[PDB]
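Since the structure comes first, as structure tokens, the remarks are kept for the end.
Bear in mind that the values in this text are calculations on the coordinates, not laboratory data. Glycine gets a Cβ as well: all are built from the backbone with ideal geometry, and neighbour counts include every protein chain shown.
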Amino acid sequence: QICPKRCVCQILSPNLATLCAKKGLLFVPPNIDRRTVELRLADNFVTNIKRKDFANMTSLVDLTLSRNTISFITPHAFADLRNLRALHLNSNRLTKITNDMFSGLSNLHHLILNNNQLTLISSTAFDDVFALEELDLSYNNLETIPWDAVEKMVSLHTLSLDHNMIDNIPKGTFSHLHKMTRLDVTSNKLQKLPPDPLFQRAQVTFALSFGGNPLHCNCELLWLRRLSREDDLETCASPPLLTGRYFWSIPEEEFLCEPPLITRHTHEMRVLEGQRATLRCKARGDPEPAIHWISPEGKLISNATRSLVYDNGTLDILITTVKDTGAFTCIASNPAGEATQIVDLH
Amino acid sequence: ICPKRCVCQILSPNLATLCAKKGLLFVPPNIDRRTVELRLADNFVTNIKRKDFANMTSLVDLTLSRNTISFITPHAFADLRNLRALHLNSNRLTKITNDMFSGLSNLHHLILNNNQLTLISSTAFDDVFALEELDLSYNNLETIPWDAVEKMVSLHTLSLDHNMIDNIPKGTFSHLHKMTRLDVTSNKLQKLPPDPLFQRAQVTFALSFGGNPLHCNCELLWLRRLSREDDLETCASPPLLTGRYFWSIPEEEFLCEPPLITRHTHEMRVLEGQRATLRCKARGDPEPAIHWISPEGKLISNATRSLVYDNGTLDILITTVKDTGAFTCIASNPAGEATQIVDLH
Amino acid sequence: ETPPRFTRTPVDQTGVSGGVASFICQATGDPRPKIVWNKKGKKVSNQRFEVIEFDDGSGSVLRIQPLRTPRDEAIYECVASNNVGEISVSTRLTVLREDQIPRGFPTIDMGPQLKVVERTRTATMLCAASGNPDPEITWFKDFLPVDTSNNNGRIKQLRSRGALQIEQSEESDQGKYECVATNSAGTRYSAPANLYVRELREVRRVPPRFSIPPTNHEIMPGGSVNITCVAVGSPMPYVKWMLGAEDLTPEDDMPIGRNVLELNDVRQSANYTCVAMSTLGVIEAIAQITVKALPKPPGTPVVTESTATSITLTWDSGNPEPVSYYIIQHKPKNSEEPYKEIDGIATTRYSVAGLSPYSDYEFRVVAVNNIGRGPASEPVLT
Amino acid sequence: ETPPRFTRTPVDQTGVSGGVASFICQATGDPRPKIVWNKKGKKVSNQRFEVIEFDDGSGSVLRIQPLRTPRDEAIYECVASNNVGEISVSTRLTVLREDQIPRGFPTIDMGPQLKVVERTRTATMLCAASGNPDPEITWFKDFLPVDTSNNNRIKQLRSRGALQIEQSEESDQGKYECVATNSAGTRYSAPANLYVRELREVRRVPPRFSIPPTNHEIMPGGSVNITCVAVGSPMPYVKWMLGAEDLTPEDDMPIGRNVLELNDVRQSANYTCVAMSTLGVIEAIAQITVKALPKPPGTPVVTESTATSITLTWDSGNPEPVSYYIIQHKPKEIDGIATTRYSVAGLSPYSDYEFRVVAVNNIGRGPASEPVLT
Ligand SMILES: *[C@@H]1O[C@H](CO)[C@@H](O[C@@H]2O[C@H](CO)[C@@H](O[C@@H]3O[C@H](CO)[C@@H](O)[C@H](O)[C@H]3NC(C)=O)[C@H](O)[C@H]2NC(C)=O)[C@H](O)[C@H]1NC(C)=O
Ligand SMILES: *[C@@H]1O[C@H](CO)[C@@H](O[C@@H]2O[C@H](CO)[C@@H](O)[C@H](O)[C@H]2NC(C)=O)[C@H](O)[C@H]1NC(C)=O
Ligand SMILES: *[C@@H]1O[C@H](CO)[C@@H](O[C@@H]2O[C@H](CO)[C@@H](O)[C@H](O)[C@H]2NC(C)=O)[C@H](O)[C@H]1NC(C)=O
Ligand SMILES: *[C@@H]1O[C@H](CO)[C@@H](O[C@@H]2O[C@H](CO)[C@@H](O)[C@H](O)[C@H]2NC(C)=O)[C@H](O)[C@H]1NC(C)=O
Ligand SMILES: *[C@@H]1O[C@H](CO)[C@@H](O[C@@H]2O[C@H](CO)[C@@H](O)[C@H](O)[C@H]2NC(C)=O)[C@H](O)[C@H]1NC(C)=O
Ligand SMILES: *[C@@H]1O[C@H](CO)[C@@H](O[C@@H]2O[C@H](CO)[C@@H](O)[C@H](O)[C@H]2NC(C)=O)[C@H](O)[C@H]1NC(C)=O
Ligand SMILES: *[C@@H]1O[C@H](CO)[C@@H](O)[C@H](O)[C@H]1NC(C)=O
Ligand SMILES: *[C@@H]1O[C@H](CO)[C@@H](O)[C@H](O)[C@H]1NC(C)=O
Ligand SMILES: *[C@@H]1O[C@H](CO)[C@@H](O)[C@H](O)[C@H]1NC(C)=O
Ligand SMILES: *[C@@H]1O[C@H](CO)[C@@H](O)[C@H](O)[C@H]1NC(C)=O
């Protein structure tokens, strides 16, 4: 029944809606009816929100904070919004996305964060909105997002990343997300794209846009080339021989990959009696090879005790044991090559 | 003559190179240096180098709108002696160093809207003093080199639609008679200086100052007496006026407060040449201005032999043998001139 | 008719480039002398030059803004001409550049700031200057010189700070007030300052008064207490806290009307002073904060009842604060051994039973409160 | 006609939740046995359950994705039925949760990554596993099991159970999954699409030095840029070695052209220029020798002496050859003496002289030797 001054709140059965768009507000209205259901604070000038603002608003199903000067959000301020379905935080000055923000938003289906200055998104910050349908993170400064939380969003259909600086993207994503119908990743810093059956459905139901990206046109992107999509002015960046030319203007036979080659490995080493033994093995190629090591029989552990692994191509066994001598062999995984060399220790 | 994927047409008398919406990742390597118009709008260039716009002397109009530019090499916009219009809107620029716009005398149009500008180094505009338009809307700016702006007599349009500007000097817009439009919406302005250009905004000149944390005192009474149209302006302080519209408040409610000295030093005995610090502070709306007087004159500011103004503290460094006399603390204010006295020995 | 006679002739002033220079000229006669300004026998034409007619219409003021050099370094003349006659006087203008400023040139130490005073009240435009020799102060309202000749009652220049005290302000006082310093070296103008005059605000002026005085308190050692002090009135007073010599609150953060001091770790009893101050005087108030300490020794126990094997003791509390219980110390007459204590006495009387026949005993009483145990009182023999 | 006979019956598999489990079933007969999968006498209906028909049409594969528990813990049966008869066999399914995983359960140490091989070339899908006991590796192409029974094109490697596909073809394109299985249970690995492209035909030419490292002679403590250029397809990685030690960290290695920037050369030593591609390793040597100042020659000895002439003889006093010598004389220097002997003429009769000899080479002028009286 009670709506703040300068606000036009209308009552319709059975839900109360409070409209406060374009009112020149400097901060959130102090006395908004807590049993409201729709709240429009769009096109105002609010700088920051407090817990007391949206404290007891349980019946709220739609909140609109579009086009403001919001720079900071109180932790646990979006709490008690159990029935909130749509949230609009577009066009603001948000910097970070902490877990305390969107905690308790189970029924949230629409989450909009476009046209902001997002730099970092803390992990598990999306582990409560796992049942949303739309996520707009376009026009930001993001490079990485909590992908693990995204994979748990089966009901997702629209993911917007129109303008960012995203480094790369995991391969295991879009597995359970069968509901995906639109994905835009234009204007980012993506080097490659993982193969997915949803992308096979984009030939002439699903509409994707990947233009304006520093594509690494190798054999790892051949699947997308065979895909006969319409030209969206995509452009390659590497190899240098393909730099500049359109992604669709390049024949399928020119998307080549290179088999690895081990440059240098340790010839022999004498670190018995348990002294620290450091082994060296490295290989190069396009794309970058994957170095794995073998014992006389079997392969060792990754990032754990008794073994050092992956990048650097260097085995460090910390304090070695007295008897670890045998036959060790270095390999290099690649979409087109499997180069290898051997090294003995005593 | 013209790079691949680019449609550069030759029409009398100026050469134009068009490369809009081409998905470019960086500046085309072989653009004709004797070009006059260059459109690189709606692309995806990340950074510019000196070799890009090195010898483009005949260039009069450059358009780099809607890109992903985050860094530009110093002295890359050099040798653009005949450049009149520059469009750098919708990008990811962070800082404005002096090396950027150095040598752009003939620049009339400078556009920097929709960016992430945090700092603008001084004297960075001391070469574009003859521009006609400056768009700095939609940024993170709080202060700009006003000194460089005052030397822009031919200015008519200054856009600041969305920023975080603290305040604005009073001496500006003096010689800038050509000003016809100034927008300062959505900022953090506390007050506005009185200027004859604002008197010309009654019902030629169009100003917008909505969405600001206005400090509705008697210092803004001149703007209230000005019977402009309601642009949804809202006051923030004093708390008694917080929330209500700027135009819904009568002129008689815009009040100021006379200063009052809270605490002052009773007496002082500063022999042995030690530092003599006196304390005097006053409160009011708006904040008073503390000045000190000698027996008949006032001392120097922020220079040798005297410490002054803010903190409200006279520090005479190493005091002399004979500085005893009558000293008096004052507090300037639009409505009050309270004062008290203190002696030293 | 009467030929024009100069009532006030323009003088040679030396201004600085980028500044402002104004020349005054007015004369009388029949008919009224129409004054025209000329340069090299030619009337002024440039936009930067503007002529302002006096209210009398008997004179005009030539204002040059801004000043440049050597574009404006020339000789100008003022021609006052009517039907009966025509007269003229010449004067020189010197515009020194920024690199020509001498040591001892007039400097605005403090220019006039924006001021607003209600109608029929005193207005005070402030200004200050320095240099060699000491420059004198002249004011310029609406590009016109201010008549501060003698003490009339309306507009007076102050002398022992050449301020512009305008008593009984009115509608006509609204305008742009400029400050001007001038000596033998040259002339410098100050920053403009708009003066606005509003209607009288009928507000009741009431001195500061404590609405809620600081109530006394008694807190245990190393505790905490919220002491509140509230003052009201128009104008509202700024309330602070002092311990007599020292102040607690910073002079930047002083609350209005209500000040609540949040104490912590109270070590020693002391009085704190609550001071509220407005423009109508300064009032004070005292808050009593006392620390409760160990109990004082009770009244000397007196043998009220006495038998062969039992002795009843009675005593006074000897304390302003309530006592929890008492502890009776007891030992034989000449016993040089440590006392024996009877704990758990909720009353002021207790009967010590189990004594020896024909034996004198010594009894002491100790008081114990919430804090702890105090000293023992003087004993009693029997 | 002949009633259906099971040639291979599905077995009890223990999968994990969130993973994938597939059951195989195929039989023969006339006509061909049309296989239908049933649960509790009911045909499968849920979306997560999918049946894949064999190429033969004599069997079908039931794929369950993803696995859940205990939602999917039940017994299933495979019914192969035709016109002449109908047969069926049952099997048990155990679905362990992530917090129910026993100690020693199969773990994918290395899953199959994306690979691309041209037509008529060797493809090698890799995989590895661990656990107790040691699980064996089975592959699943396009949700169907790969026939690697015996050496027939596609062979599983003897122990690292890779999938060596010799003579690749069009049909080889698909999704290759890796599966490990022991007595504890069954675990699937991450899928990996394999694509086959046309023959590229690139000329494979071993590394060859286009511009070999030229020899150099530098003064003591003199910096020098030695250049080494190699060409060929594919381009070789050129590096530099001091025989035992290397300069470049091998992380930043140029292609075709490598310029070594040396500094402060104190002692003569050999630098090795090595270029290496996939077609072998070649080597080259760059000569860096330090030229020094000449040592002072042997003390000059008066072999012959007359009234107006005195003959000088001396040793070179240098291991390296000396261009010429300079004789100092006074009661003035004589330049341009290409030999180790010189007769100083134009002297006064009965006069004692002092003689010094100085050596000069390509670098400059050395010290003067110890004098000699006469
Ligand atoms: C660095 O490069 C040099 C080639 O330019 C090599 O210089 C050689 O050093 C050798 C001695 O180690 C010399 O070999 C001798 O040659 C004579 C005949 O010339 C033989 O009678 C000797 O038996 C033989 N001695 C040995 C031990 O081989 C070479 O004369 C000399 N060659 C040149 C052109 O100078 C260096 O060998 C080489 N150093 C390394 C570590 O590789
Ligand atoms: C485990 O291996 C990974 C590399 O795969 C390392 O993870 C990195 O950790 C830092 C934070 O400490 C991140 O900023 C990097 O982005 C991670 N790198 C990658 C490629 O993800 C990690 O350093 C390893 N941990 C140990 C102990 O070796
Ligand atoms: C990659 O390379 C450098 C050495 O080239 C590693 O530096 C070593 O780090 C370990 C500690 O983790 C130290 O004990 C060694 O002393 C370091 N080696 C040297 C030569 O300084 C670096 O840690 C390596 N990083 C990874 C992920 O393997
Ligand atoms: C711009 O034009 C000038 C000359 O028109 C270029 O300067 C010449 O550059 C070449 C080598 O690139 C030299 O051989 C000439 O000696 C230079 N001439 C002069 C007068 O310096 C200049 O290189 C051009 N700018 C760029 C970035 O290439
Ligand atoms: C706080 O205020 C009370 C009230 O004045 C003080 O009590 C007085 O103390 C003096 C001696 O200290 C006595 O001579 C007076 O008779 C007392 N007057 C009253 C009304 O009690 C008290 O001493 C003060 N305490 C402190 C720490 O300043
Ligand atoms: C190797 O070659 C380079 C040029 O090819 C030499 O360049 C020197 O360093 C910079 C170039 O980055 C120039 O500004 C200097 O003027 C150059 N110095 C000289 C003496 O040319 C470099 O000298 C060479 N390096 C060595 C160790 O000899
Ligand atoms: C919210 O609801 C609770 C009732 O449990 C009430 O105590 C509290 O005061 C309310 N807060 C606000 C800001 O209305
Ligand atoms: C004077 O000095 C202080 C620091 O000493 C400085 O921060 C301040 O900006 C100066 N103020 C003026 C008016 O010069
Ligand atoms: C200004 O006030 C602060 C009090 O916090 C003091 O620390 C500082 O020394 C003062 N500055 C000067 C120059 O005295
Ligand atoms: C007294 O001050 C403390 C400060 O923490 C606060 O918690 C408490 O609520 C206050 N109590 C009252 C009555 O103001």
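Can you tell me which residues in the stretch B:94-122 are surrounded by 19 or more Cβ atoms within 10 Å (Cβ to Cβ) and closer than 17 Å to B:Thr68 by Cα?
Within the stretch B:94-122, B:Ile96, B:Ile111, B:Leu112, B:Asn113, B:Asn114, B:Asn115, B:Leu117 qualify.
Can you say whether D:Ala275 is within 50 Å of the chain's Cα centre (by Cα) and more than 28 Å from A:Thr340 (Cβ to Cβ), as far as the supplied structure shows?
no
Identify the residue in the stretch B:128-166 that is in a loop (DSSP other than H, G, I, E, B) and within 14 Å of chain C (Cβ to nearest Cβ) and, among all such residues, is farthest from the chain's Cα centre (by Cα).
So the residue we want is B:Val153.
Write out, first by first residue and then by second, each pair whose Cβ atoms fall under 6 Å of each other, whose residues are 6+ apart or on separate chains, and whose first residue, in the stretch B:297-320, is more than 20 Å from B:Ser332 (Cα to Cα) while the second is among the polar types (S, T, N, Q).
B:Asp315/B:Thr277
How many residues are loosely packed, with under 12 Cβ neighbours inside 10 Å and away from chain A (no Cβ under 14 Å) if we restrict to the stretch D:251-282?
Summing the residues that are loosely packed, with under 12 Cβ neighbours inside 10 Å and away from chain A (no Cβ under 14 Å) in the stretch D:251-282 gives 5.
Within the stretch A:263-270, does at least one residue satisfy the condition of being among the basic types (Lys, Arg) and either at the interface with another protein chain (Cβ under 10 Å from one of its Cβ atoms) or within 30 Å of D:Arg200 (Cβ to Cβ) (or both)?
Yes, the stretch A:263-270 contains at least one residue that is among the basic types (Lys, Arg) and either at the interface with another protein chain (Cβ under 10 Å from one of its Cβ atoms) or within 30 Å of D:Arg200 (Cβ to Cβ) (or both).
Restricted to the stretch B:293-327, and to residues that are away from chain C (no Cβ under 14 Å) and of a type in the set (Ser, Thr, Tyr), which residue is nearest to C:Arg159 (Cα to Cα)?
B:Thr324
Would you confirm whether or not the stretch C:126-140 contains a residue that is of a type in the set (A, V, I, L, M, F, W, C), buried (at least 18 other Cβ atoms within 10 Å of the Cβ) and away from chain B (no Cβ under 13 Å)?
Yes, the stretch C:126-140 contains at least one residue that is of a type in the set (A, V, I, L, M, F, W, C), buried (at least 18 other Cβ atoms within 10 Å of the Cβ) and away from chain B (no Cβ under 13 Å).
From C:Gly318, C:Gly374, C:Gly344, which residue is among the small types (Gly, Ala, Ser) and outside any strand (DSSP E or B)?
Being among the small types (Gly, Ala, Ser) and outside any strand (DSSP E or B) holds for just one of C:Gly318, C:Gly374, C:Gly344, which is C:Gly318.
If you scan the stretch A:271-287, which residues turn out to be more than 18 Å from A:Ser333 (Cβ to Cβ) and within 10 Å of another protein chain (Cβ to nearest Cβ)?
A:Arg280
Hey, can you tell me all the residues within the stretch B:237-262 that are within 14 Å of chain A (Cβ to nearest Cβ), buried (at least 18 other Cβ atoms within 10 Å of the Cβ) and not aromatic (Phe, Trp, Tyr)?
If the condition is that a residue be within 14 Å of chain A (Cβ to nearest Cβ), buried (at least 18 other Cβ atoms within 10 Å of the Cβ) and not aromatic (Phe, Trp, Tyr), then B:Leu241 is the only one that fits.
Can you tell me which residues in the stretch A:42-53 are closer than 15 Å to A:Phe78 by Cα and touching a strand residue (DSSP E or B) at 6+ places or on another chain (Cβ under 9 Å)?
Listed by number, the residues that qualify are A:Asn48, A:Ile49.
Cβ-Cβ below 8 Å, separation at least six or inter-chain, first residue in the stretch D:46-69 and part of a strand (DSSP E or B), second of a type in the set (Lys, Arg): which pairs?
D:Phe49/D:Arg63; D:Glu50/D:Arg63; D:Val51/D:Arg63; D:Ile52/D:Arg63; D:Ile64/D:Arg48
From the list A:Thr205, A:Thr186, A:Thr181, A:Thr144, which residue is among the polar types (S, T, N, Q), closer than 27 Å to D:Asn193 by Cβ and touching a strand residue (DSSP E or B) at 6+ places or on another chain (Cβ under 6 Å)?
Criteria check complete, one pass: A:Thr186.
Sort out for me the strands (runs of 3 or more DSSP E) sitting completely within the stretch B:265-345 that have 2 or more residues that are closer than 26 Å to C:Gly111 by Cβ and among the acidic types (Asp, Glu).
Passing ranges: none, list empty.
Kindly provide the set of residues from the stretch B:305-345 that are of a type outside the set (A, V, I, L, M, F, W, C) and within 16 Å of ligand 9 (Cβ to nearest atom), ordered by number.
Those that are of a type outside the set (A, V, I, L, M, F, W, C) and within 16 Å of ligand 9 (Cβ to nearest atom): B:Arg305, B:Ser306, B:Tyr309, B:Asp310, B:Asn311, B:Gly312, B:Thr313, B:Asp315, B:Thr319.
Residue-by-condition table, conditions (1) out of contact with any strand residue (DSSP E or B) (no Cβ under 7 Å at 6 or more places or on another chain); (2) closer than 30 Å to B:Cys218 by Cα; (3) more than 16 Å from ligand 6 (Cβ to nearest atom):
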position: B:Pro295; (1), (2), (3): no, no, yes
position: B:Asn311; (1), (2), (3): yes, yes, yes
position: B:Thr324; (1), (2), (3): yes, no, yes
position: B:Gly336; (1), (2), (3): yes, yes, yes
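Please count how many residues of the stretch A:128-150 are surrounded by fewer than 20 Cβ atoms within 10 Å (Cβ to Cβ), of a type outside the set (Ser, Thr, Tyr) and farther than 21 Å from A:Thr205 by Cα.
Residues in the stretch A:128-150 being surrounded by fewer than 20 Cβ atoms within 10 Å (Cβ to Cβ), of a type outside the set (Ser, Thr, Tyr) and farther than 21 Å from A:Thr205 by Cα: 10 in total.
Would you point out the residue of the stretch D:61-100, among those that are closer than 16 Å to D:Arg5 by Cβ and of a type in the set (S, T, N, Q), that is surrounded by the fewest Cβ atoms within 10 Å (Cβ to Cβ)?
Among those residues, the one meeting the criterion is D:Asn83.
Name the pairs whose Cβ atoms lie under 8 Å apart, with the first residue in the stretch B:213-227 and more than 7 Å from every other protein chain (Cβ to nearest Cβ) and assigned to a loop (DSSP other than H, G, I, E, B), the second surrounded by fewer than 22 Cβ atoms within 10 Å (Cβ to Cβ) and hydrophobic (A, V, I, L, M, F, W, C), and 6 or more positions between them or separate chains?
Short answer, once both residue conditions are applied: B:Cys216/B:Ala236; B:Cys216/B:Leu241; B:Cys216/B:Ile249; B:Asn217/B:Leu255; B:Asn217/B:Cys256; B:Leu226/B:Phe198; B:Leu226/B:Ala201; B:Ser227/B:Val203.
I'd like to check which strands (runs of 3 or more DSSP E) are fully inside the stretch C:168-239 and have at least 1 residues that are away from every other protein chain (no Cβ under 14 Å) and surrounded by 15 or more Cβ atoms within 10 Å (Cβ to Cβ).
The strands (runs of 3 or more DSSP E) meeting that bar are C:175-182, C:187-189, C:209-212, C:217-219, C:224-232.
Of the residues C:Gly257, C:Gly244, which single one is on the phi > 0 side of the Ramachandran plot and within 16 Å of ligand 5 (Cβ to nearest atom)?
Going through C:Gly257, C:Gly244 in turn, the sole match is C:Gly244.
For the stretch C:45-60, state whether one or more residues are crowded, with 17+ Cβ neighbours inside 10 Å and of a type in the set (A, V, I, L, M).
Taking every residue of the stretch C:45-60 in turn, none turns out to be crowded, with 17+ Cβ neighbours inside 10 Å and of a type in the set (A, V, I, L, M).
Pick out the one residue from D:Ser277, D:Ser305 that is farther than 30 Å from A:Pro239 by Cα and of a type in the set (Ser, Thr, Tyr).
Of D:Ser277, D:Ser305, the one residue that is farther than 30 Å from A:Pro239 by Cα and of a type in the set (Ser, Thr, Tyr) is D:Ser305.
Among the numbered criteria (1) under 19 Å from B:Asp183 (Cβ atoms); (2) surrounded by fewer than 21 Cβ atoms within 10 Å (Cβ to Cβ); (3) within 15 Å of the chain's Cα centre (by Cα), which single criterion is violated by B:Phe125?
Single failed check for B:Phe125: (2).
Does the stretch B:220-232 include one or more residues that are over 25 Å from B:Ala201 (Cα atoms) and surrounded by fewer than 18 Cβ atoms within 10 Å (Cβ to Cβ)?
no
Quick one: would you say D:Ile35 is surrounded by 17 or more Cβ atoms within 10 Å (Cβ to Cβ) and within 30 Å of D:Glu169 (Cα to Cα)?
Yes.
What single numbered condition from (1) touching a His at 6+ places or on another chain (Cβ under 8 Å); (2) facing chain D (nearest Cβ under 9 Å) fails to hold for A:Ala290?
(1)
Of all residues being acidic (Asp, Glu) and over 33 Å from the mean Cα position of the chain (by Cα) in the stretch D:91-125, which is nearest to the other protein chains (Cβ to nearest Cβ)? Just the residue, please.
Applying the filter and picking the extreme gives D:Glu98.
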